[PDB]
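A.B. asks: Just the structure for this:
(chains A, B and C, ligands or ions: 5)
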Amino acid sequence: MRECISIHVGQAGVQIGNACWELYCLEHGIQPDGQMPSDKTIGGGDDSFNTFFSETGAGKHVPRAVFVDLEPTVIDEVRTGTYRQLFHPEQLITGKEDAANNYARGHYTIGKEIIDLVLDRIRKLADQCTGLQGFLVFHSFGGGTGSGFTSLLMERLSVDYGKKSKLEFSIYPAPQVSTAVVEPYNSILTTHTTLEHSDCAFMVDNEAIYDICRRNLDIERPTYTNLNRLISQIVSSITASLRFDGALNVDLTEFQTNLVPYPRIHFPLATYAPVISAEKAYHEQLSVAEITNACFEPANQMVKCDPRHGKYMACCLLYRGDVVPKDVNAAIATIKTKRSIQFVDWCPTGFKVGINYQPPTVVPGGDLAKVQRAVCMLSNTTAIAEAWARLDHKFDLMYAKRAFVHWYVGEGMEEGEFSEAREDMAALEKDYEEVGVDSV
Amino acid sequence: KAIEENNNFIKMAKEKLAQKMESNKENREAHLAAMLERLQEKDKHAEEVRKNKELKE
Amino acid sequence: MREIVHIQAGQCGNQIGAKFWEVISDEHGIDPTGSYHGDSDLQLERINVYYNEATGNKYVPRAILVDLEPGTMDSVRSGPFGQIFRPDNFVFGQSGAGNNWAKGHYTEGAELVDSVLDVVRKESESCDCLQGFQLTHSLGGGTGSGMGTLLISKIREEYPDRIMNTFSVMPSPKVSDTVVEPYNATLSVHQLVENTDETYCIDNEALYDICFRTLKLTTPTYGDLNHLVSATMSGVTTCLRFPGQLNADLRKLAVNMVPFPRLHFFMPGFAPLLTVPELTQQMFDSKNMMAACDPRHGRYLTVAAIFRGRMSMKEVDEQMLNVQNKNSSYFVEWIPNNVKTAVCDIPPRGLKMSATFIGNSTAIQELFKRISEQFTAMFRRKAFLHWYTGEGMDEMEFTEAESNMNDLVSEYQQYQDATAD
Ligand SMILES: Nc1nc2c(ncn2[C@@H]2O[C@H](COP(=O)(O)OP(=O)(O)OP(=O)(O)O)[C@@H](O)[C@H]2O)c(=O)[nH]1
Ligand SMILES: Nc1nc2c(ncn2[C@@H]2O[C@H](COP(=O)(O)OP(=O)(O)OP(=O)(O)O)[C@@H](O)[C@H]2O)c(=O)[nH]1
Ligand SMILES: [Ca+2]
Ligand SMILES: [Mg+2]
Ligand SMILES: [Mg+2]
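C.D. replies: Residues are numbered from 1 along each chain as shown, chains lettered A, B, ... in the order given. Ligands and ions are numbered 1, 2, ... in the order given. Below is the structure in question.
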């Protein structure tokens, strides 16, 4: 038991789901048809990978997941793609008309027509579970479905599953790949309405991933296909603790205990290393100390901010591959003296460490080099409020003139909702300011 | 107390959600009602235009 | 959201409609009978947006061809792709309108309107997921001007939650010297501000000025002007017709492009009438605008740019960043990231690389003020009103049409004068 149900909302959620599940399959030796030769217990089991996969009597290993989108085209490519045999048709849910980059259509208008079906389908997966841990929600901030329908879903999941945990993987928007002028509105709206109903949310800044693909992988103009493969590696490092057995393995819930000091302060900064091309990785073995040091270089972060001009409330290092505690400890000591790691006075400064022995895997015909060892740092830094600030400024510029507000009001929303949402973010920015102030 | 607060949160989430979804349906319908009423006002105007051609001959 | 329902009303509307269907049929690999003869799968992937699939793998346009004047029925049926249209979708009247808006809107066109509404309802009922409607018309005529605007108001009643797109052709004394065209345009504008979600201003003055000064033709026919319009109409529907992320349907475009409900009048553009930086400078230049307005006399609320052809996307990104930096004052600071850019692999017939420009500029007031000046020159001495007051209208309605287009200009000016701080 300790099952985990992944819910993928909207295009960005769905396509990140494709990347993640394709990657999980290669990690566990699961075939596209669903078969897993190394799994001897047919029809079921209590193994670590069974937190993400149920088993049919025919030996098929089936992702504990639901794909939702308010239009058919993106989910159709999962239904007809390489992994079509992996999912039951009822796990893949589509409507006909999308939310048109409008939170209102996603949360209210189009969304209400499909919400009961979605919850019903999540319940079929939940009743398959002997000890459900919680949900992992994959969505964009910027899309109408990713913002509006996600929020709606999270509200309903709190009703139907109480305080059962709900983690987010939220795609924060960026002008290089963004498709809509109103993403700030959608982002602030969903962030506000989701905030009470999420326990932990890993933000991924598309610009941060875009720059990494440009700088580290030498991709001239990164596509979603390029970005999603990188995201799935970070997602895999975070969920590897759940999916794998291990002596020195630390559960994700144990990291959460340290990462969330107050309920609203639940946004850890993700930083990953090494991201390196096959050409550069050849005759270039990166040691524990090198990849650990790369975690404190802000160019490797999943979100654009500067931790060095903020304060730390928690630092966690999730290692996978050829790593032993001795090396990690040596590396941390070196960093402590040489880098800008200032903690708040009310936290303890010790880094928390987990190691999974299964080394990292690469999707065939990819951009990333296959490396012997890798690390994901999850830190709780006040610097991540910078991401809120940038986004909140874009909101204010438009909302001051009520630009585009009529599209939301036409679908039933009030101006009250916009300002209520903005004041919650103002408070959230004030909260990250407050935690960094010293005690008295 | 743990049960009381866990139930309170479920209760108030359910009531907060139902209030918003009903308030939204009121607002959307009223927005569409005003749009059609303005369009039906054009039919009443176009009927007076067609009457003022025949009542001027 | 896939199926769009095309409507073409009047002489202008039907002839630009005809050219539209000729170009996109060629791009999608459809011949005059309606068979598929191409090669790429991308031609068929979103074919259903504009074409119905009949028996024997026939692809039939979802077009409704409308006019009070017969004879225009012959020209469309005798034209290069006349056979491909659905014969029942022709809905043609008797005595015409003769450049009279009140005939198109209130009386003679009002009698033909229900027989057109039948064809729309029949086409709309069969749509798996109807997204909306695109009209093609002039605003200087009688039928397309008046009946086309009645059709807009009527289709809105039965489909208030679908998108109403228009390709409204603005009249110019340089192309047509009919004296009452400023009356017709202003009356149509009064309807378009209230009842459409997005109107492309295809201006005959700009089309004349381009044909003369750029294309080198000493006096241009209606065929020369349409070569530009068909290239423009093909460009702005490339996001709707091929696979892509940006502005892929009529509501997503509308949501990105229209920041205020009344301010939905776009300045189209096309290039060339070549390298990526040259394209990018040409499309933002006033000489390539299909509306006769200078962008440097106002600011862009929003812009959509569509590049077509095999080209480096890195170069496109750098170039679109280049012009935003260099022309920063001509984009409102209070809407961030308001210029969006798509790139389609398939270039149009003839050209290897093209670029299409949709901009919602406050400088569009220059087009409305020009019509407003030609309007008030006639109205203040009560000239030619017997054509309209005879058919049943009042002076009050003429005054409201002037006041609404003056308000529209005042609002474009307000947001042009707006600042962040
Ligand atoms: N990283 C990443 N971002 C994506 C992907 N697809 C879309 N996005 C981003 O997601 C945002 C747009 O929202 P989408 O998820 O595409 O839209 P949606 O949730 O399907 O909502 P509607 O389409 O409006 O119903 C923009 O910020 C895009 O850059 C993807 O595959 N990967
Ligand atoms: N760009 C372009 N403009 C045209 C074309 N045909 C007509 N026009 C313009 O349309 C305006 C007159 O409207 P028409 O379309 O002829 O009139 P109508 O809508 O058919 O109405 P009636 O003639 O009253 O039946 C003039 O300003 C012309 O310059 C064309 O093929 N291309
Ligand atoms: Ca087993
Ligand atoms: Mg979508
Ligand atoms: Mg005519």
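A.B. asks: Pull out the buried residues from stretch A:238-246.
C.D. replies: Buried residues in stretch A:238-246, counting neighbours by 16 or more other Cβ atoms under 10 Å in any protein chain shown, are found at A:238, A:239, A:240, A:241, A:242, A:243, A:244, A:246. No exception for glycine: its C-beta is placed from N, CA and C like everyone else's.
A.B. asks: Packing partners of the one helix or strand the first one maps to?
C.D. replies: Think residue A:238. In the assignment (DSSP states H and E), residue A:238 maps to helix A:224-243. With contacts taken as 3 or more Cβ pairs under 8 Å, 6 or more residues apart in numbering or on different chains; DSSP states H and E, helix A:224-243 sits against helix A:10-28, strand A:200-205, helix A:206-215, helix A:252-259, strand A:269-273, strand A:312-321, strand A:352-356, strand A:373-381.
A.B. asks: Just checking: what are the partner strands of the second one?
C.D. replies: Put plainly, it is strand A:200-205. Next to strand A:200-205 in the sheet, as set by DSSP bridges, lie strand A:165-172 (parallel).
A.B. asks: Residues contacting the strand it pairs with, please?
C.D. replies: Residues outside strand A:165-172 that contact it (Cβ atoms under 8 Å, 6 or more residues apart in numbering or on different chains) are A:12-13, A:16, A:133-142, A:146, A:154, A:157-158, A:187, A:194, A:197-206, A:231, A:235, A:253, A:303, A:387, A:391.
A.B. asks: okay, the angle between that strand and strand A:269-273?
C.D. replies: Between strand A:165-172 and strand A:269-273, the angle comes out at 70 degrees (axes from the mean of the first three to the mean of the last three Cα atoms, to 10 degrees).
A.B. asks: and strand A:165-172 with ligand 1, contact?
C.D. replies: Yes: contact of strand A:165-172 with ligand 1 (Cβ under 6 Å from any ligand atom) involves residue A:171.
A.B. asks: Quick one: distance of that strand to the chain centre.
C.D. replies: Taking Cα atoms, centre = their mean, to the nearest Å, one finds the center of strand A:165-172 at 5 Å from the center of the full chain.
A.B. asks: what element comes up after that strand heading to the C-terminus?
C.D. replies: For strand A:165-172, the succeeding helix or strand toward the C-terminus, using DSSP H and E, is helix A:183-194.
A.B. asks: How about that following helix and chain C, touching?
C.D. replies: Yes: with Cβ under 8 Å from any Cβ of the partner chain as the criterion, chain C is reached by helix A:183-194 at residue A:184.
A.B. asks: Show me where chain B has its helices.
C.D. replies: B:2-54 (DSSP state H).
A.B. asks: quick revisit: got the buried residues for the helix holding residue A:238?
C.D. replies: Neighbour-count burial for helix A:224-243, counted by 16+ other Cβ under 10 Å, picks out A:224, A:226-243.
A.B. asks: in which helix or strand would I find residue C:97?
C.D. replies: For residue C:97, there is no enclosing helix or strand under DSSP H and E.
A.B. asks: thinking it is in contact with residue C:146, fair?
C.D. replies: Yes: counting by Cβ atoms under 8 Å, residue C:146 is a contact partner of residue C:97 at 7.0 Å.
A.B. asks: For ligand 1, see how far away residue A:68 is.
C.D. replies: Distance of residue A:68 to ligand 1, computed by Cβ to the nearest ligand atom, to the nearest Å: 10 Å.
A.B. asks: To clarify, my last question referred to residue A:425.
C.D. replies: According to Cβ to the nearest ligand atom, residue A:425 stands 18 Å off from ligand 1.
A.B. asks: can you pull the contacts of that residue?
C.D. replies: By Cβ under 8 Å, 6+ apart, the residues touching residue A:425 are A:188, A:191, A:192, A:388, A:392, A:395.
A.B. asks: Please convert these to JSON lines, extending it with distance to ligand 4 and neighbour count.
C.D. replies: Converted to JSON lines, these look like this (distance: Cβ to the ion, whole Å; neighbours: other Cβ atoms under 10 Å in any protein chain shown):
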{"residue": "A:188", "distance to ligand 4": "19", "neighbour count": "25"}
{"residue": "A:191", "distance to ligand 4": "19", "neighbour count": "26"}
{"residue": "A:192", "distance to ligand 4": "21", "neighbour count": "20"}
{"residue": "A:388", "distance to ligand 4": "24", "neighbour count": "21"}
{"residue": "A:392", "distance to ligand 4": "24", "neighbour count": "19"}
{"residue": "A:395", "distance to ligand 4": "21", "neighbour count": "22"}
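A.B. asks: Export the residues you listed as a markdown table, with columns for distance to residue C:344.
C.D. replies: Output for the contacts of residue A:425, formatted as a markdown table (distance: Cβ to Cβ, whole Å):
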| residue | distance to residue C:344 |
| --- | --- |
| A:188 | 32 |
| A:191 | 34 |
| A:192 | 37 |
| A:388 | 36 |
| A:392 | 35 |
| A:395 | 32 |
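A.B. asks: Among those residues, pick out the one closest to residue B:22, please.
C.D. replies: Top of the list for closeness to residue B:22, among those and by Cβ to Cβ, is residue A:192 at 19.8 Å.
A.B. asks: Surely the closest one and residue A:424 touch.
C.D. replies: Yes: using Cβ under 8 Å, residue A:192 is in contact with residue A:424, at 4.5 Å.
A.B. asks: one step back: let me know which of the helices and strands packed on helix A:224-243 is the nearest to residue A:124.
C.D. replies: The nearest among those, by Cβ to Cβ, is helix A:10-28 at 17.8 Å.
A.B. asks: which parts of stretch A:80-99 are buried?
C.D. replies: A:83, A:86, A:87, A:91, A:92, A:93, A:94, A:95, A:97, A:98, A:99.
A.B. asks: got the contact list for residue C:320?
C.D. replies: Here residue C:320 is in contact with C:280, C:305, C:339, C:341 (criterion: Cβ under 8 Å, 6+ apart).
A.B. asks: quick one: secondary structure of the residue of chain A found nearest chain B?
C.D. replies: Nearest residue of chain A to chain B: residue A:412, at 3.7 Å (Cβ to the nearest Cβ). Per DSSP: H, G, I helix; E, B strand; the rest coil, the local secondary structure of residue A:412 is coil.
A.B. asks: Wait, a helix at residue A:395?
C.D. replies: Yes: using three-state DSSP, the assignment for residue A:395 is a helix.
A.B. asks: Closest to the centroid, which residue in the chain?
C.D. replies: Using chain A here. residue A:169 (2.4 Å; Cα atoms, centre = their mean).
A.B. asks: looking at chain C here, not the other one
C.D. replies: Closest to where the C-alpha atoms of chain C average out (Cα atoms, centre = their mean) is residue C:167, at 1.7 Å.
A.B. asks: if I look at that residue, how far off is residue C:265?
C.D. replies: According to Cβ to Cβ, to the nearest Å, residue C:167 stands 12 Å off from residue C:265.
A.B. asks: Thanks a lot, catch you later.
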